[PDB]
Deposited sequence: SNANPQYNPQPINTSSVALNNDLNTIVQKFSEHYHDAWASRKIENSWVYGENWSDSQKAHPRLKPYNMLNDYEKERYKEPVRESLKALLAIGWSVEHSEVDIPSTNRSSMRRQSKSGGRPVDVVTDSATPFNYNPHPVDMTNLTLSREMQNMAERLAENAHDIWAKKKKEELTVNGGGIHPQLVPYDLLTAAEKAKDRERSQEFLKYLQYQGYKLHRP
């Protein structure tokens, strides 16, 4: 069938420097996410609504609660722990009027633009490995939730390689961006 088994991160703990890069990437990615939502006509609203494209998280990062910030930090932190677990080394060495009307918070996100930077084929491969691991993490938790509630199904409870590209996009894009951001910030990743 499908038995999701995320990478075993036993013993791996992030030091202050890697916690800092998780923090900085999460602020960066939030701004990237918000820039993309705003460009696609979303606006801030108190309750999330797919129908009318209103999103409570469309605020400056410093206005987010810890739950909202951890939506960025948790996957990123786990992908970094997974990299280390499998033996990788991480060496630290005008305002548009319509866009500003997206929120009442005078918020015009201007993240650093990573589309300028390229990833090696090897790092693209790694981003797919990290994206698969994020899927397996979600899938293991989802199966647990269904089981404790007496059973059930979910259409995405399938191996990563059976997902469509659109189903993979959220995790693939986060991991590609994270690896570019590591590059941008002067980190070198060394294969086992």
Residues of the deposited sequence that never got C-alpha coordinates are 1-5, 99-119
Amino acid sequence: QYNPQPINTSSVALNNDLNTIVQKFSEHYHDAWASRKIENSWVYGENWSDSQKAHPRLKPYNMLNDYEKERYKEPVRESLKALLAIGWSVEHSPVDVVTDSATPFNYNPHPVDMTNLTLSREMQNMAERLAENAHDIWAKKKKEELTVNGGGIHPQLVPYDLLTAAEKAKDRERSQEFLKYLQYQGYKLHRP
From here on, numbers count along this sequence of modelled residues.
Mean Cα B factor from the PDB record: higher for 154-162, or higher for 122-130? 154-162
Between 102-110 and 81-89, which has the higher average C-alpha B-factor in the PDB entry? 102-110
Of the choices 26, 35, 65, 51, which one's C-alpha carries the largest B-factor in the record? 51
By the recorded C-alpha temperature factor, relative to the other modelled residues in its chain, which third is residue 137 in? lowest
Lowest, middle or highest third - CA B-factor, residue 182: middle
Within-chain third of residue 22 by Cα B-factor, per the entry: lowest
Of the three thirds of Cα B-factor ranks in this chain, residue 10 occupies the lowest
